[PDB]
Every structure is written in structure tokens, then in C-alpha cells.
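S.K.: I have a structure here, written as C-alpha cells, and I will follow up with some questions on it.
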Amino acid sequence: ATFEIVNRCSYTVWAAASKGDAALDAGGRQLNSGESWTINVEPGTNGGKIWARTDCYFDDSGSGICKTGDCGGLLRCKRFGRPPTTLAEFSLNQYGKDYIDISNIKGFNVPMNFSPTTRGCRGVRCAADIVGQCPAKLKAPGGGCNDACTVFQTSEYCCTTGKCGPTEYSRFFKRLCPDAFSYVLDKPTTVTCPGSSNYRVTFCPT
């Protein structure tokens, strides 16, 4: 499956793509404002994620740091990134279909649209100004709006017992972005697409 990752932000981002224990394609790359990076993701990838990283520094070897979404200091991510990270999430070729969503379970850093480029399902978008509106207790000094699990480390925010409900903090993300997951047991906003669809993730779509 091909994913075209497009940076429509006025600022440079460093895209990242991983299934948690491995890079997807190169794993990461710089995208200046307006640049497009096409990656190939193996069919049947389960639990894949694409995100943006902000305010990164990398040396010649591809090691450094990002203010948001840092993946162990690597340009070429092989693991998931450090919150806050708006997440484009996908499991492909799962019994004939692909499944896509946007999640704010790990916070929000950059606005995102995640849409098919092929026929047969709709896209999802979280493009509201979540950083600017972020509750004070969730604001990431590094930049971004953390989720409440990251900040407070409770069973209720992290849904550790599988019994949690919505919270004042999850309802903030949900209000700004109804089409993204706001907490682990949120009513799903997952979209069913044709198996072997192709996609585009646009940062700052508006």
C-alpha cells in the first residue's frame, strides 16, 4: 500500500512511520513545507502509525532529538514516538478490509487529514486548533497538548482496568475533534476501507 505523506504546514515537520517494533519503509524523513514523501507499507501491516515530529535536530548519523514525537532520537523511526503525537493509525488487509483512524489517545501536536486516494470509503480529519485551546494542565512545554494518561498516570485516564469512561480531558479532545479517538474506550471512529486501499496523510490540511 502506498501512503503519500504531505506537509501542508508552514513549518518543517519530520514524518515518522512505524508498527512499534519496526520502521515502515525508511521510518522517517524531513518534510519541509509543501513537500510530499511516498512510502510503501507492506500488505497486512497491523497496528501501523504515521505521525509528525516538530523541532528536530539530527547529526550526520541521523541521531538527535525532537520536541514532539521523538522516537529514541532517530531520524528513521523504528519505534513509536514520545507524546504528544496526533496519530494516523491503520491495520491493512484484515480479513479483506483495511481499517483507518485518527487518534488523540497519545495527545496532539499537528493537525492531520488521513484519507484514501483510491475508491470506496471516506477520510477522517482532526484539524482544529487543539494546541492553542489545550487545557492548561495538558499543555506540553515542549510544544503540543498531552493526553491525560501521559500527564497523570491513573487507571481512569490510561484505561488500565478496561472499565474507564470519558473524562473532562477526553471530552476536550472529542469536542475539538469528534472524528478522532479521545480515550481508549471511546466510541470508535474507525473507517472500513477496501482491502489494499492507498492513502494520503496531510499535515495541516486546512
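The numbering of chain A matches Swiss-Prot: 23-228, in order.
Just so you know, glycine gets a Cβ as well, placed from its N, Cα and C.
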S.K.: Can you look up which of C148, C156, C167 is joined to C199 by a disulfide in Swiss-Prot?
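M.R.: When Swiss-Prot is consulted, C199 turns out to be bridged to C148.
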S.K.: According to the record in Swiss-Prot, which candidate from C78, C93 pairs with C88 in a disulphide?
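M.R.: Answer per Swiss-Prot: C78.
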S.K.: What residue among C31, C93, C99, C143 is stated in Swiss-Prot to be the disulfide partner of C215?
M.R.: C143
S.K.: Check Swiss-Prot and name the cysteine among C180, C181 that pairs with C186 in a disulfide.
M.R.: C181
S.K.: Spatially, which candidate from the disulfide-bonded residues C93, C99, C199 is nearest to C143 (disulfide bond), comparing Cα atoms?
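M.R.: Answer for the nearest of the disulfide-bonded residues: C199.
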S.K.: Can you tell which of the disulfide-bonded residues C99, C156, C171, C181 lies nearest to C148 (disulfide bond) in space, using Cα positions?
M.R.: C156
S.K.: Looking at the disulfide-bonded residues listed here (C78, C99, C156, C186), whose Cα lies nearest to that of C171 (disulfide bond)?
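M.R.: Among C78, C99, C156, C186, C186.
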S.K.: If you draw a 10 Å sphere on the Cβ of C148 (disulfide bond), how many other Cβ atoms land inside?
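M.R.: The answer is 26 other Cβ atoms.
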